[PDB]
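Next up: a single chain in structure tokens, the form deposited in one PDB entry.
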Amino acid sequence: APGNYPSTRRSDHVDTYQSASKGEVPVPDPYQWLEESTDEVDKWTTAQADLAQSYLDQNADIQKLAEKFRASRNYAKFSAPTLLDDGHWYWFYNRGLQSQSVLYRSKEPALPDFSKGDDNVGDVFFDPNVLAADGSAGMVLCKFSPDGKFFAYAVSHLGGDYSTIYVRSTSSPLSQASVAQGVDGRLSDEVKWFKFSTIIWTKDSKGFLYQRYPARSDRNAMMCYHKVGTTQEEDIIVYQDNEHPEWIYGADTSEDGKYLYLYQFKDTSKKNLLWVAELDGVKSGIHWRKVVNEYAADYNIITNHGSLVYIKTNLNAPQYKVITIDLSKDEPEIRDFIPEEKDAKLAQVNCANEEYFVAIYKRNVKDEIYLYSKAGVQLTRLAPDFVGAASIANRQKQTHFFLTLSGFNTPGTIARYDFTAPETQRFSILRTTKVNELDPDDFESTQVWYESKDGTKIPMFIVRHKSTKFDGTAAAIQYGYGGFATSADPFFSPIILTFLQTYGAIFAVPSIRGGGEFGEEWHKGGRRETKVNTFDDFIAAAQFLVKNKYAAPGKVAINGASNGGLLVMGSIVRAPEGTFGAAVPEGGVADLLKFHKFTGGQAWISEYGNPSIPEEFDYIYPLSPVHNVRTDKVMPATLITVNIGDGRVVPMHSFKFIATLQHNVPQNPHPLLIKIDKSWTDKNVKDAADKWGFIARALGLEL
């Protein structure tokens, strides 16, 4: 229980604020000088950093944990494959070295066995890392032509604002081999000024649509059409609007060849227009049937059968739905095809094997996968016990589709559904993620519900190694963010899973208010004047973990970053003594009275309120971690983290908070320390090892 923290000078600096209830309020701010960039601050930072490192050096498990994190750090990433009209399969593969994934082509015209290795079953077709010799050019976006003969790709060099589209034949690889042989085998096509749209081929495979601006703010966008094997001078303007210079455009083409769709956007909401047109291919002076005119709702087209168009929309349905619009009638006949679900956001719909719809719902922060008929009958749920995120990849005419699945236990699993197979054998696993010292199958993701202070029911994710028991024994790592409508969705971290497996601990992720887990009302429920709910939900989660025997008492550690740092710091201030065993806030806000007076501060006003406004000060001040540190409560072992390289949140917040703790509870039984991140395999797990090792020791966990 040492008192040996370095002395922090206390100045006579007093800030004055205005309270709606109390009037003028003088607030002493003796660590105000830590706001400034001076030698005094730099020397105080070194003294604190050195203390922190001295404590970490008495923990020999830090270096042991580092090697385990080094082991599980690297792994390959991949996409689901696509079968093109040339009979070959194409897919992205990243071996885990370079920042850009490489596009592979199957050697044989057949679905590869992906347990053999990507280089054994595939050849490199497009390696974007060699666009520029130094790796300074990136592929932003790409698209194959419907006939499989050509490949369009948008390239962005690090300097430029815009990007440039290029075309190459699918028989012309770009690789380390190919560039060594001589000149790049692309076509001469160089489509400049491309920005903020997809690339959309016509179904004739003759050309593609793309958004472009004039040459050099961004104004007067043009949805254009580029013929393959031509210069940009040969291009057509499909649409522009002189009268609304800020407007942005999207396009789409129907598989049958009949329709060209124009989307129009005016702002950062999801509302959009939808005009429809009939084709021969794409030419100029298009007569647009203006179906969705006026900005009402989100409308994204799924597919069509003749004049019947299927559309995902949120018109009078916040959780989305599917409608049909029949265009053979003179007036379009709008009908509900798949109705809104009250408690399930319709996320994605794809037509599959012509007479079916594959479909993704998010319900209780989890994706569910459904198979529907062309008449809208729900035929079955696929992968019912899956806990995570799912997306669909397919082409409408083919007799299969894929699912890309991810969660806490894996960053990637490709599933295949084969309509031609026997009923019991339609669903299969194409491939899984390989990580040293970690099998995805050893980790179970569940969801439990607890009651917060005001009676609100919050779901919470629990992850464990399968040998760990819910018998009041395990340590728990409780992660949160708690703001900005940013959901704590399932995410993959080898560092965490290795930690759960090493110590028999559990990972706990509560869907606390302030996040986006149940839409804008959920955010609204933990924002500005309701912000205290965010903290009460987080605190009630930790109490629930112990009460219901998920974790042992005194063994729930908390961690979060940026807004999560404020969450952690505010929570150890507010929560009853002994609620938490350890605490690691990373780069967090902590002075909630001054946050808006520093770089990036103003953007947080919509989340916490404005301290300069008297009525808002009154609900802000009682939350401010820097102004609510008591003398008479034992704080849990606390390692505060800041990345001095990371501009985001000024380190001032953490400096003030640690100085305040060390002053208010100098004889605190557990160490209260601040660490400066060494990093702004070998050198990449150093900060994580210090962090997770501090927690393990603080919770009394042995290797």
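Note that residue numbering follows the sequence shown and begins at 1.
In what follows, reference is made to the form solved in complex with a partner chain, a form of this protein that is not presented.
- Out of the listed residues 302, 282, 435, 392, 392 is the one that sits within 4.5 Å of the partner chain in the entry with it bound by at least one heavy atom.
- Of the residues given (268, 217, 242, 424), 268 alone sits with a heavy atom within 4.5 Å of the partner chain in the entry with it bound.
- Each of 250, 406 and 412 is positioned with at least one heavy atom within 4.5 Å of the partner chain in the entry with it bound.
- Residue heavy atoms within 4.5 Å of the partner chain in the entry with it bound occur in exactly one stretch of 183 to 191, 322 to 330, 477 to 485, 540 to 548, and that stretch is 477 to 485.
- Proximity of residue 145 to the partner chain in the entry with it bound falls within the 4.5 Å heavy atom cutoff.
- When the partner chain is considered in the entry with it bound, residue 692 lines it closely, a heavy atom lying within 4.5 Å.
- In the entry with it bound, residue 495 approaches the partner chain with a heavy atom inside 4.5 Å.
- Proximity of residue 197 to the partner chain in the entry with it bound: non-hydrogen atoms within 4.5 Å are present.
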